[PDB]
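Asker: One structure, as structure tokens, below. Some questions next.
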Amino acid sequence: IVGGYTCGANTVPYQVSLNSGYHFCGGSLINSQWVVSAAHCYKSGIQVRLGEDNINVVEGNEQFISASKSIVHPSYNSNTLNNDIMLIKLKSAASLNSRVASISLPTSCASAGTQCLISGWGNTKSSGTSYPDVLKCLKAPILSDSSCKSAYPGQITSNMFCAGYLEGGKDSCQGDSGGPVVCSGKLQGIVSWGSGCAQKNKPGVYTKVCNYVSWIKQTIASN
Ligand SMILES: COc1cc(C(=O)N2C[C@@H](n3cc(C4CC4)nn3)C[C@H]2C(=O)N[C@H]2CCCC[C@@H]2c2ccccc2)ccc1CN
Ligand SMILES: [Ca+2]
């Protein structure tokens, strides 16, 4: 997260860190046994890390649970990042409390102008690299489909939305992908892609979660 703020320990209780020997992606807990992430976060040997603040120190609220199954969206295209969504089943159910909690799925799609919360352990610099240890947050609005399409000609599908600031300076970044975009307590987006970070007219691009609720519910109900 570039130009964000320190969330505060366990203040984003649904935020998970996907670890394969190191943090490589964010995720969102949607029930005690399932995490929602980006399909580009797919890999073998994922350990889901819940209740994290500092991802480099055991602070006492973590739950480390290996993934038993990963389900990439059947229509994910890694070249266009269309349908950039994946489900991860936990080997054991997470113990839910105030610090480790599921995030509700949307009942409807959030509009442009809706204020959301984006969070993650991604790079905090727009030029250069600095990975934070603690969870970073960014309050950002959803951008109109027209401004999103104008920023990224020929790249925005009906399964994507932009959020952030066209003036730049505040964006998600390397390491935040897979993580949440939560608006009014609903998971509306997954950190997906961009062109650099916090650059003018290049806001972050997010997977449009409301388009996947039926697939998520059906998948959970059968796996
Ligand atoms: C460039 O813009 C952004 C970027 C991000 C952001 O985090 N990204 C962009 C994501 N991505 C993947 C792909 C296609 C090729 C499959 N296109 N974009 C991956 C992630 C990232 O680089 N993660 C590093 C951080 C270090 C360890 C390895 C991780 C990693 C690399 C690859 C796959 C998973 C994890 C998130 C938000 C924005 C918006 N500014
Ligand atoms: Ca920790």
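Residue names in the structure tokens use chain letters A, B, ... in the order shown, residue numbers from 1 in each chain, and ligand numbers from 1 in the order shown.
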Enumerate as a ChimeraX atom specification the residues within 9 Å of ligand 1, counting only C-alpha atoms and all ligand atoms.

Answerer: /A:1-2,22-26,38-43,78-81,120,122-123,126,131,170-179,191-199,202-206

Asker: Using 12 Å as the limit and counting only C-alpha atoms, can you tabulate each residue of range 119-169 of chain A that touches range 83-103 of chain A, with its shortest atom-to-atom distance in Å and the two atoms involved, as JSON lines?

Answerer:
{"residue": "A:156", "atom": "CA", "partner": "A:83", "partner_atom": "CA", "distance": 11.2}
{"residue": "A:157", "atom": "CA", "partner": "A:83", "partner_atom": "CA", "distance": 9.0}
{"residue": "A:158", "atom": "CA", "partner": "A:83", "partner_atom": "CA", "distance": 9.4}
{"residue": "A:159", "atom": "CA", "partner": "A:83", "partner_atom": "CA", "distance": 6.3}
{"residue": "A:160", "atom": "CA", "partner": "A:83", "partner_atom": "CA", "distance": 8.2}
{"residue": "A:161", "atom": "CA", "partner": "A:84", "partner_atom": "CA", "distance": 11.8}

Asker: Those selected residues, please, written with C-alpha atoms and delivered as a PDB file, in the first residue's frame.

Answerer:
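Below is the file out.pdb, written as the result:
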ATOM      1  CA  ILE A 156     -11.087  -3.265 -18.272  1.00  0.00           C
ATOM      2  CA  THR A 157     -13.624  -6.052 -18.415  1.00  0.00           C
ATOM      3  CA  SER A 158     -17.054  -6.210 -16.753  1.00  0.00           C
ATOM      4  CA  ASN A 159     -15.289  -8.182 -13.976  1.00  0.00           C
ATOM      5  CA  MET A 160     -12.981  -5.316 -12.980  1.00  0.00           C
ATOM      6  CA  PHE A 161     -13.248  -1.904 -11.367  1.00  0.00           C
TER       7      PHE A 161
END

Asker: Taking only C-alpha atoms and all ligand atoms into account, which residues are within 12 Å of ligand 2, as a PDB file with N, CA and C atoms, in the first residue's frame?

Answerer:
ATOM      1  N   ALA A   9      -3.052  -3.203  14.766  1.00  0.00           N
ATOM      2  CA  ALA A   9      -3.101  -4.646  14.873  1.00  0.00           C
ATOM      3  C   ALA A   9      -4.502  -5.215  14.934  1.00  0.00           C
ATOM      4  N   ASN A  10      -4.777  -6.164  14.024  1.00  0.00           N
ATOM      5  CA  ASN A  10      -6.007  -6.948  13.969  1.00  0.00           C
ATOM      6  C   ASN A  10      -7.242  -6.114  13.792  1.00  0.00           C
ATOM      7  N   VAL A  16      -6.039 -11.801   5.408  1.00  0.00           N
ATOM      8  CA  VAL A  16      -5.109 -12.896   5.642  1.00  0.00           C
ATOM      9  C   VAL A  16      -3.881 -12.655   4.794  1.00  0.00           C
ATOM     10  N   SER A  17      -2.792 -13.313   5.178  1.00  0.00           N
ATOM     11  CA  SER A  17      -1.525 -13.300   4.456  1.00  0.00           C
ATOM     12  C   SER A  17      -1.383 -14.735   3.914  1.00  0.00           C
ATOM     13  N   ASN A  19       1.184 -17.394   2.657  1.00  0.00           N
ATOM     14  CA  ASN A  19       2.602 -17.598   2.874  1.00  0.00           C
ATOM     15  C   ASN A  19       3.061 -18.904   2.293  1.00  0.00           C
ATOM     16  N   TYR A  22       7.164 -17.217   2.738  1.00  0.00           N
ATOM     17  CA  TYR A  22       7.251 -15.771   2.779  1.00  0.00           C
ATOM     18  C   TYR A  22       5.866 -15.288   2.372  1.00  0.00           C
ATOM     19  N   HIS A  23       5.511 -14.091   2.786  1.00  0.00           N
ATOM     20  CA  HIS A  23       4.230 -13.498   2.384  1.00  0.00           C
ATOM     21  C   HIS A  23       4.299 -13.199   0.872  1.00  0.00           C
ATOM     22  N   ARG A  49      -2.295 -17.411   6.736  1.00  0.00           N
ATOM     23  CA  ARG A  49      -1.958 -16.796   7.996  1.00  0.00           C
ATOM     24  C   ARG A  49      -2.995 -15.775   8.374  1.00  0.00           C
ATOM     25  N   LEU A  50      -3.753 -16.124   9.409  1.00  0.00           N
ATOM     26  CA  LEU A  50      -4.836 -15.299   9.935  1.00  0.00           C
ATOM     27  C   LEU A  50      -4.393 -14.581  11.201  1.00  0.00           C
ATOM     28  N   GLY A  51      -5.109 -13.519  11.561  1.00  0.00           N
ATOM     29  CA  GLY A  51      -4.823 -12.749  12.768  1.00  0.00           C
ATOM     30  C   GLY A  51      -3.457 -12.094  12.748  1.00  0.00           C
ATOM     31  N   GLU A  52      -2.964 -11.769  11.540  1.00  0.00           N
ATOM     32  CA  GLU A  52      -1.645 -11.164  11.439  1.00  0.00           C
ATOM     33  C   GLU A  52      -1.643  -9.673  11.529  1.00  0.00           C
ATOM     34  N   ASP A  53      -0.603  -9.122  12.153  1.00  0.00           N
ATOM     35  CA  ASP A  53      -0.296  -7.712  12.044  1.00  0.00           C
ATOM     36  C   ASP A  53       1.110  -7.695  11.523  1.00  0.00           C
ATOM     37  N   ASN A  54       2.106  -7.838  12.409  1.00  0.00           N
ATOM     38  CA  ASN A  54       3.465  -7.893  11.902  1.00  0.00           C
ATOM     39  C   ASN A  54       3.667  -9.322  11.342  1.00  0.00           C
ATOM     40  N   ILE A  55       3.840  -9.450  10.016  1.00  0.00           N
ATOM     41  CA  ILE A  55       4.006 -10.784   9.418  1.00  0.00           C
ATOM     42  C   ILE A  55       5.383 -11.430   9.671  1.00  0.00           C
ATOM     43  N   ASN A  56       6.302 -10.697  10.316  1.00  0.00           N
ATOM     44  CA  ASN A  56       7.631 -11.215  10.587  1.00  0.00           C
ATOM     45  C   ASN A  56       7.819 -11.591  12.069  1.00  0.00           C
ATOM     46  N   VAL A  57       6.798 -11.300  12.951  1.00  0.00           N
ATOM     47  CA  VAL A  57       6.896 -11.575  14.388  1.00  0.00           C
ATOM     48  C   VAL A  57       5.653 -12.302  14.822  1.00  0.00           C
ATOM     49  N   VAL A  58       5.805 -13.304  15.686  1.00  0.00           N
ATOM     50  CA  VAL A  58       4.633 -13.992  16.251  1.00  0.00           C
ATOM     51  C   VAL A  58       4.161 -13.132  17.411  1.00  0.00           C
ATOM     52  N   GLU A  59       3.044 -12.438  17.218  1.00  0.00           N
ATOM     53  CA  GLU A  59       2.570 -11.505  18.232  1.00  0.00           C
ATOM     54  C   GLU A  59       1.484 -12.077  19.162  1.00  0.00           C
ATOM     55  N   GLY A  60       0.958 -13.248  18.836  1.00  0.00           N
ATOM     56  CA  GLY A  60       0.020 -13.928  19.726  1.00  0.00           C
ATOM     57  C   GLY A  60      -1.406 -14.084  19.262  1.00  0.00           C
ATOM     58  N   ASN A  61      -1.781 -13.507  18.102  1.00  0.00           N
ATOM     59  CA  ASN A  61      -3.166 -13.661  17.634  1.00  0.00           C
ATOM     60  C   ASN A  61      -3.306 -14.430  16.310  1.00  0.00           C
ATOM     61  N   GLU A  62      -2.209 -14.977  15.836  1.00  0.00           N
ATOM     62  CA  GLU A  62      -2.175 -15.673  14.551  1.00  0.00           C
ATOM     63  C   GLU A  62      -2.754 -17.032  14.598  1.00  0.00           C
ATOM     64  N   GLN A  63      -3.262 -17.489  13.451  1.00  0.00           N
ATOM     65  CA  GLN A  63      -3.682 -18.872  13.218  1.00  0.00           C
ATOM     66  C   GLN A  63      -3.021 -19.207  11.904  1.00  0.00           C
ATOM     67  N   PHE A  64      -2.178 -20.254  11.909  1.00  0.00           N
ATOM     68  CA  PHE A  64      -1.478 -20.670  10.696  1.00  0.00           C
ATOM     69  C   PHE A  64      -2.117 -21.960  10.237  1.00  0.00           C
ATOM     70  N   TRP A 121       0.086  -6.000   2.903  1.00  0.00           N
ATOM     71  CA  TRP A 121       1.494  -5.929   3.284  1.00  0.00           C
ATOM     72  C   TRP A 121       2.384  -5.624   2.074  1.00  0.00           C
ATOM     73  N   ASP A 133       6.210  -4.430   7.565  1.00  0.00           N
ATOM     74  CA  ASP A 133       5.987  -5.653   8.322  1.00  0.00           C
ATOM     75  C   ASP A 133       4.532  -5.676   8.814  1.00  0.00           C
ATOM     76  N   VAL A 134       3.997  -4.499   9.160  1.00  0.00           N
ATOM     77  CA  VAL A 134       2.641  -4.374   9.681  1.00  0.00           C
ATOM     78  C   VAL A 134       1.645  -4.084   8.570  1.00  0.00           C
ATOM     79  N   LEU A 135       0.377  -4.358   8.856  1.00  0.00           N
ATOM     80  CA  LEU A 135      -0.674  -4.192   7.875  1.00  0.00           C
ATOM     81  C   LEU A 135      -0.923  -2.737   7.583  1.00  0.00           C
TER      82      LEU A 135
END

Asker: Mind listing the strand (DSSP E or B) residues of range 4-215 of chain A, per DSSP on the backbone, as a PyMOL selection string?

Answerer: chain A and resi 5-6+15-19+23-31+34-37+47-50+63-72+77+82+86-90+104+115-120+136-142+160-163+171+180-183+186-193+204-208

Asker: List as a list in words the protein and nucleic acid residues near residue 143 in chain A, meaning an atom at most 6 Å away when only C-alpha atoms are counted, but skip any in the same chain fewer than 6 places from it.

Answerer: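 The filter keeps residues 112, 162 and 163 of chain A.
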
Asker: Within 6 Å of range 46-48 of chain A, counting only C-alpha atoms, which residues qualify if same-chain residues fewer than 5 places away don't, as a VMD selection string?

Answerer: chain A and resid 18 to 20 64 to 67

Asker: CA of residue 69 in chain A and CA of residue 107 in chain A, how far apart in Å?

Answerer: 25.8 Å

Asker: Tell me which of A:189, A:169, A:8, A:164 sits closest to residue 106 in chain A, counting only C-alpha atoms.

Answerer: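 Answer, going by the shortest atom-to-atom distance: A:189.
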
Asker: When you count only C-alpha atoms, which of these residues is closest to residue 207 in chain A: A:36, A:220, A:71, A:137?

Answerer: A:36

Asker: Which residue, A:45, A:180, A:168, A:185, has the smallest gap to residue 3 in chain A when you use only C-alpha atoms?

Answerer: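 Result for the nearest residue to residue 3 in chain A: A:168.
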
Asker: Nearest to residue 118 in chain A: which of A:31, A:44, A:188, A:222 is it, counting only C-alpha atoms?

Answerer: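 Going through A:31, A:44, A:188, A:222 one by one, the smallest distance to residue 118 in chain A is for A:188.
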
Asker: Compile the contact shell of residue 213 in chain A as a list in words: residues with an atom at most 10 Å away, counting only C-alpha atoms, same-chain residues fewer than 4 positions apart removed.

Answerer: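 Selected residues are residues 105, 106, 107, 108, 208, 209, 217, 218 and 219 of chain A.
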
Asker: DSSP on the backbone, then: every residue of range 113-216 of chain A marked helix (DSSP H, G or I), written as an mmCIF file with N, CA, C and O atoms, in the first residue's frame.

Answerer:
data_model
loop_
_atom_site.group_PDB
_atom_site.id
_atom_site.type_symbol
_atom_site.label_atom_id
_atom_site.label_comp_id
_atom_site.auth_asym_id
_atom_site.auth_seq_id
_atom_site.Cartn_x
_atom_site.Cartn_y
_atom_site.Cartn_z
ATOM 1 N N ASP A 145 -16.654 3.468 -14.167
ATOM 2 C CA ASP A 145 -16.244 2.579 -15.246
ATOM 3 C C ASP A 145 -15.572 3.373 -16.391
ATOM 4 O O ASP A 145 -14.553 2.935 -16.936
ATOM 5 N N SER A 146 -16.133 4.551 -16.724
ATOM 6 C CA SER A 146 -15.591 5.385 -17.796
ATOM 7 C C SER A 146 -14.174 5.867 -17.477
ATOM 8 O O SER A 146 -13.321 5.762 -18.349
ATOM 9 N N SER A 147 -13.899 6.351 -16.227
ATOM 10 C CA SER A 147 -12.543 6.794 -15.890
ATOM 11 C C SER A 147 -11.586 5.595 -15.848
ATOM 12 O O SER A 147 -10.432 5.736 -16.225
ATOM 13 N N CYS A 148 -12.077 4.419 -15.426
ATOM 14 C CA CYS A 148 -11.273 3.197 -15.363
ATOM 15 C C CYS A 148 -10.840 2.793 -16.773
ATOM 16 O O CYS A 148 -9.646 2.605 -17.049
ATOM 17 N N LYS A 149 -11.818 2.711 -17.678
ATOM 18 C CA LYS A 149 -11.595 2.418 -19.094
ATOM 19 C C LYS A 149 -10.704 3.450 -19.778
ATOM 20 O O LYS A 149 -9.860 3.058 -20.579
ATOM 21 N N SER A 150 -10.846 4.747 -19.444
ATOM 22 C CA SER A 150 -10.002 5.798 -20.029
ATOM 23 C C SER A 150 -8.540 5.665 -19.560
ATOM 24 O O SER A 150 -7.623 5.896 -20.345
ATOM 25 N N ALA A 151 -8.332 5.247 -18.297
ATOM 26 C CA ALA A 151 -7.016 5.032 -17.702
ATOM 27 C C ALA A 151 -6.342 3.820 -18.321
ATOM 28 O O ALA A 151 -5.128 3.801 -18.435
ATOM 29 N N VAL A 209 -15.995 -8.514 -7.131
ATOM 30 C CA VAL A 209 -16.491 -9.658 -6.356
ATOM 31 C C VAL A 209 -17.992 -9.931 -6.538
ATOM 32 O O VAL A 209 -18.391 -11.099 -6.561
ATOM 33 N N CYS A 210 -18.828 -8.885 -6.628
ATOM 34 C CA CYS A 210 -20.277 -9.100 -6.746
ATOM 35 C C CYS A 210 -20.649 -9.996 -7.936
ATOM 36 O O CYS A 210 -21.727 -10.610 -7.937
ATOM 37 N N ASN A 211 -19.766 -10.065 -8.957
ATOM 38 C CA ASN A 211 -20.023 -10.900 -10.122
ATOM 39 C C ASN A 211 -19.788 -12.379 -9.850
ATOM 40 O O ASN A 211 -20.181 -13.210 -10.670
ATOM 41 N N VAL A 213 -20.374 -13.988 -6.558
ATOM 42 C CA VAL A 213 -21.018 -14.500 -5.351
ATOM 43 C C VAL A 213 -21.699 -15.836 -5.582
ATOM 44 O O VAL A 213 -21.558 -16.714 -4.724
ATOM 45 N N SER A 214 -22.357 -16.032 -6.747
ATOM 46 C CA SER A 214 -23.016 -17.309 -7.025
ATOM 47 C C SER A 214 -21.984 -18.414 -7.155
ATOM 48 O O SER A 214 -22.165 -19.486 -6.588
ATOM 49 N N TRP A 215 -20.874 -18.142 -7.868
ATOM 50 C CA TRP A 215 -19.803 -19.133 -8.025
ATOM 51 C C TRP A 215 -19.147 -19.439 -6.647
ATOM 52 O O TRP A 215 -18.933 -20.590 -6.302
ATOM 53 N N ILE A 216 -18.862 -18.405 -5.861
ATOM 54 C CA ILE A 216 -18.294 -18.605 -4.529
ATOM 55 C C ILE A 216 -19.242 -19.466 -3.666
ATOM 56 O O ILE A 216 -18.801 -20.441 -3.073
#

Asker: Between A:76, A:212, A:165, A:5, which one has atoms that come closest to residue 200 in chain A, using only C-alpha atoms?

Answerer: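 Smallest distance to residue 200 in chain A is found for A:165.
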
Asker: Between CA of residue 138 in chain A and CA of residue 114 in chain A, what distance in Å does the model show, to one decimal?

Answerer: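 Computing it gives 13.5 Å between the two atoms.
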
Asker: So the first atom is CA of residue 186 in chain A and the second is CA of residue 33 in chain A; what is the distance between them in Å, to one decimal place?

Answerer: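 Between CA of residue 186 in chain A and CA of residue 33 in chain A the gap works out to 18.1 Å.
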